[PDB]
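**Q** Sharing a structure with you now.
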Amino acid sequence: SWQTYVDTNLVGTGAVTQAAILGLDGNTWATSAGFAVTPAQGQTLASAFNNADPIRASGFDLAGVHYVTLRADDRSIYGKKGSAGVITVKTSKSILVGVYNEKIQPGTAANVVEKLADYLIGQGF
């Protein structure tokens with residue numbers, strides 16, 4: 001879903017000053033930011049979603065960013081750390097990753113990512 005919205009606003013700063021689309025062990029789709037995630041991107045998200053134990057306690061880490069992760073098991077997963085935030089939710093067989101800094105509020109980005117998804121939720125991937 002963020003594919004076409006990745007090369008325009010959604011990523012430039014249409015809610016997040018950075019965003020990437022990874023997940024699903026089938027392949028990648030499209031990313032756009034200033035951080036290279038290790039090759040274990042789709043392998044760290046599918047495994048991180050085991051029992052909300054590793055992501056809940058201690059939190060998880062990536063190339064150079066990490067969060068505490070509050071809830072992660074229902075369907076959406078927008079984690080935060082107190083300054084920046086990474087909205088990781090599923091849509092069209094892909095987990096968008098709204099990577100933004102403190103400039104964007106954890107609510108202004110969760111509101112736009114909630115409506116866009118609302119469109120792809122009717123189907124459910």
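Ordering of the structure tokens sets the chain letters (A, B, ...); residue numbers start at 1 within each chain; ligands are numbered from 1 in the order shown.
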To test your reading of the structure, identify every residue in chain A that backbone DSSP assigns to strand (DSSP E or B), and report it as number ranges by chain.
**A** A: 19-22, 30-32, 60-61, 66-67, 78-80, 85-90, 95-100
**Q** From a DSSP calculation on the backbone, collect every residue of chain A in helix (DSSP H, G or I) and output the set as a VMD selection string.
**A** chain A and resid 2 to 6 41 to 48 108 to 121
**Q** Could those residues be written to a file, using N, CA, C and O atoms, as an mmCIF file, in the first residue's frame?
**A**
```
data_model
loop_
_atom_site.group_PDB
_atom_site.id
_atom_site.type_symbol
_atom_site.label_atom_id
_atom_site.label_comp_id
_atom_site.auth_asym_id
_atom_site.auth_seq_id
_atom_site.Cartn_x
_atom_site.Cartn_y
_atom_site.Cartn_z
ATOM 1 N N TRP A 2 1.898 1.271 0.818
ATOM 2 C CA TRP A 2 2.796 2.460 0.861
ATOM 3 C C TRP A 2 3.701 2.457 -0.374
ATOM 4 O O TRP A 2 4.511 3.339 -0.557
ATOM 5 N N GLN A 3 3.584 1.464 -1.212
ATOM 6 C CA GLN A 3 4.454 1.407 -2.422
ATOM 7 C C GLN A 3 4.316 2.709 -3.213
ATOM 8 O O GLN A 3 5.242 3.491 -3.313
ATOM 9 N N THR A 4 3.166 2.947 -3.779
ATOM 10 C CA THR A 4 2.969 4.195 -4.564
ATOM 11 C C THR A 4 3.050 5.403 -3.631
ATOM 12 O O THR A 4 3.465 6.470 -4.026
ATOM 13 N N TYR A 5 2.658 5.248 -2.396
ATOM 14 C CA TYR A 5 2.719 6.397 -1.448
ATOM 15 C C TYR A 5 4.144 6.531 -0.899
ATOM 16 O O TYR A 5 4.453 7.435 -0.149
ATOM 17 N N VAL A 6 5.019 5.639 -1.269
ATOM 18 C CA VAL A 6 6.420 5.712 -0.772
ATOM 19 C C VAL A 6 7.203 6.697 -1.646
ATOM 20 O O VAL A 6 8.008 7.470 -1.165
ATOM 21 N N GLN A 41 15.605 -8.424 7.601
ATOM 22 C CA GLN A 41 14.454 -7.522 7.892
ATOM 23 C C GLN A 41 13.161 -8.341 7.977
ATOM 24 O O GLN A 41 12.443 -8.285 8.955
ATOM 25 N N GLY A 42 12.856 -9.094 6.953
ATOM 26 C CA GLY A 42 11.606 -9.906 6.969
ATOM 27 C C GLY A 42 11.765 -11.091 7.925
ATOM 28 O O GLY A 42 10.797 -11.699 8.335
ATOM 29 N N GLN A 43 12.974 -11.425 8.282
ATOM 30 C CA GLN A 43 13.183 -12.572 9.210
ATOM 31 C C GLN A 43 13.162 -12.070 10.655
ATOM 32 O O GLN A 43 12.988 -12.832 11.585
ATOM 33 N N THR A 44 13.341 -10.793 10.850
ATOM 34 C CA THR A 44 13.333 -10.244 12.235
ATOM 35 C C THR A 44 11.908 -9.848 12.622
ATOM 36 O O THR A 44 11.555 -9.822 13.783
ATOM 37 N N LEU A 45 11.085 -9.538 11.658
ATOM 38 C CA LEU A 45 9.684 -9.141 11.975
ATOM 39 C C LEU A 45 8.829 -10.390 12.198
ATOM 40 O O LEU A 45 8.075 -10.475 13.146
ATOM 41 N N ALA A 46 8.934 -11.361 11.331
ATOM 42 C CA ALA A 46 8.120 -12.596 11.498
ATOM 43 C C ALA A 46 8.538 -13.312 12.785
ATOM 44 O O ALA A 46 7.720 -13.865 13.492
ATOM 45 N N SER A 47 9.806 -13.303 13.096
ATOM 46 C CA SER A 47 10.272 -13.981 14.337
ATOM 47 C C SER A 47 9.953 -13.102 15.548
ATOM 48 O O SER A 47 9.560 -13.586 16.592
ATOM 49 N N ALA A 48 10.117 -11.815 15.416
ATOM 50 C CA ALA A 48 9.820 -10.907 16.559
ATOM 51 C C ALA A 48 8.372 -11.117 17.007
ATOM 52 O O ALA A 48 8.039 -10.951 18.163
ATOM 53 N N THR A 108 -0.404 11.993 14.980
ATOM 54 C CA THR A 108 -0.657 12.508 13.604
ATOM 55 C C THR A 108 -0.286 11.439 12.571
ATOM 56 O O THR A 108 -0.835 11.394 11.489
ATOM 57 N N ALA A 109 0.643 10.581 12.892
ATOM 58 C CA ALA A 109 1.048 9.522 11.922
ATOM 59 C C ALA A 109 0.144 8.299 12.088
ATOM 60 O O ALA A 109 -0.178 7.619 11.134
ATOM 61 N N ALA A 110 -0.266 8.011 13.292
ATOM 62 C CA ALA A 110 -1.147 6.830 13.519
ATOM 63 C C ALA A 110 -2.543 7.110 12.955
ATOM 64 O O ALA A 110 -3.308 6.205 12.693
ATOM 65 N N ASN A 111 -2.880 8.357 12.771
ATOM 66 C CA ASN A 111 -4.227 8.693 12.230
ATOM 67 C C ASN A 111 -4.237 8.495 10.713
ATOM 68 O O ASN A 111 -5.178 7.971 10.152
ATOM 69 N N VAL A 112 -3.197 8.913 10.045
ATOM 70 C CA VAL A 112 -3.147 8.751 8.564
ATOM 71 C C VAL A 112 -2.929 7.278 8.212
ATOM 72 O O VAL A 112 -3.473 6.773 7.250
ATOM 73 N N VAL A 113 -2.136 6.585 8.982
ATOM 74 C CA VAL A 113 -1.881 5.147 8.689
ATOM 75 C C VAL A 113 -3.111 4.322 9.070
ATOM 76 O O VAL A 113 -3.240 3.173 8.697
ATOM 77 N N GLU A 114 -4.018 4.897 9.812
ATOM 78 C CA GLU A 114 -5.237 4.142 10.216
ATOM 79 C C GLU A 114 -6.293 4.245 9.114
ATOM 80 O O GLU A 114 -7.047 3.322 8.877
ATOM 81 N N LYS A 115 -6.357 5.360 8.437
ATOM 82 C CA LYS A 115 -7.369 5.515 7.353
ATOM 83 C C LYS A 115 -6.895 4.770 6.102
ATOM 84 O O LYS A 115 -7.614 3.969 5.539
ATOM 85 N N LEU A 116 -5.691 5.020 5.665
ATOM 86 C CA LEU A 116 -5.183 4.314 4.454
ATOM 87 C C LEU A 116 -5.389 2.813 4.637
ATOM 88 O O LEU A 116 -5.904 2.135 3.768
ATOM 89 N N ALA A 117 -5.005 2.284 5.767
ATOM 90 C CA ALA A 117 -5.202 0.830 5.996
ATOM 91 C C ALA A 117 -6.696 0.535 5.963
ATOM 92 O O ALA A 117 -7.135 -0.376 5.300
ATOM 93 N N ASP A 118 -7.477 1.314 6.671
ATOM 94 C CA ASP A 118 -8.956 1.097 6.686
ATOM 95 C C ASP A 118 -9.432 0.697 5.288
ATOM 96 O O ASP A 118 -10.398 -0.022 5.130
ATOM 97 N N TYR A 119 -8.755 1.154 4.272
ATOM 98 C CA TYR A 119 -9.160 0.796 2.886
ATOM 99 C C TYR A 119 -8.768 -0.658 2.603
ATOM 100 O O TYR A 119 -9.557 -1.439 2.111
ATOM 101 N N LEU A 120 -7.546 -1.017 2.886
ATOM 102 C CA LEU A 120 -7.090 -2.409 2.608
ATOM 103 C C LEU A 120 -7.535 -3.388 3.708
ATOM 104 O O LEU A 120 -7.300 -4.575 3.604
ATOM 105 N N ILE A 121 -8.175 -2.931 4.755
ATOM 106 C CA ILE A 121 -8.608 -3.897 5.811
ATOM 107 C C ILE A 121 -9.851 -4.642 5.324
ATOM 108 O O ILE A 121 -10.009 -5.823 5.559
#
```
**Q** For residue 125 (chain A), which residue among A:71, A:39, A:1, A:11 is the nearest when counting only C-alpha atoms?
**A**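 Result for the nearest residue to residue 125 (chain A): A:1.
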**Q** Residues near residue 86 (chain A), anyone? I mean within 9 Å using only C-alpha atoms, not counting same-chain ones fewer than 4 positions away, as a list in words.
**A**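 Skipping anything fewer than 4 positions along the chain leaves residues 16, 19, 66, 67, 77, 78, 79, 80, 81, 97, 98, 99, 100, 101 and 106 of chain A.
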**Q** Mind giving me the straight-line distance from CA of residue 64 (chain A) to CA of residue 36 (chain A) in Å, one decimal?
**A**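 Separation of CA of residue 64 (chain A) and CA of residue 36 (chain A): 8.5 Å.
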**Q** Give me, please, the distance in Å between CA of residue 23 (chain A) and CA of residue 55 (chain A), quoted to one decimal.
**A** 16.0 Å
**Q** Which is closest to residue 88 (chain A) among A:10, A:104, A:21, A:15, if we use only C-alpha atoms?
**A** A:21
**Q** Nearest to residue 31 (chain A): which of A:94, A:69, A:76, A:58 is it, counting only C-alpha atoms?
**A**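 Closest to residue 31 (chain A), using only C-alpha atoms: A:94.
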**Q** Please list as an mmCIF file with N, CA and C atoms, in the first residue's frame every residue within 10 Å of residue 75 (chain A), counting only C-alpha atoms and excluding residues in the same chain fewer than 6 positions away.
**A**
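File written: selection00.cif
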```
data_model
loop_
_atom_site.group_PDB
_atom_site.id
_atom_site.type_symbol
_atom_site.label_atom_id
_atom_site.label_comp_id
_atom_site.auth_asym_id
_atom_site.auth_seq_id
_atom_site.Cartn_x
_atom_site.Cartn_y
_atom_site.Cartn_z
ATOM 1 N N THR A 88 4.433 -0.003 12.203
ATOM 2 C CA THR A 88 4.551 -1.235 11.374
ATOM 3 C C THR A 88 3.202 -1.959 11.347
ATOM 4 N N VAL A 89 2.440 -1.776 10.304
ATOM 5 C CA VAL A 89 1.116 -2.457 10.222
ATOM 6 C C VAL A 89 1.031 -3.246 8.915
ATOM 7 N N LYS A 90 0.123 -4.179 8.832
ATOM 8 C CA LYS A 90 -0.005 -4.985 7.586
ATOM 9 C C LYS A 90 -1.091 -4.381 6.692
ATOM 10 N N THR A 91 -0.997 -4.593 5.408
ATOM 11 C CA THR A 91 -2.022 -4.038 4.481
ATOM 12 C C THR A 91 -2.206 -4.996 3.304
ATOM 13 N N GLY A 124 -8.316 -7.736 3.994
ATOM 14 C CA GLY A 124 -7.582 -8.467 5.065
ATOM 15 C C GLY A 124 -6.493 -9.341 4.442
#
```
**Q** Name all residues at most 8 Å from residue 102 (chain A) (count only C-alpha atoms; drop same-chain ones fewer than 4 positions away) and give them as a PyMOL selection string.
**A** chain A and resi 83-85
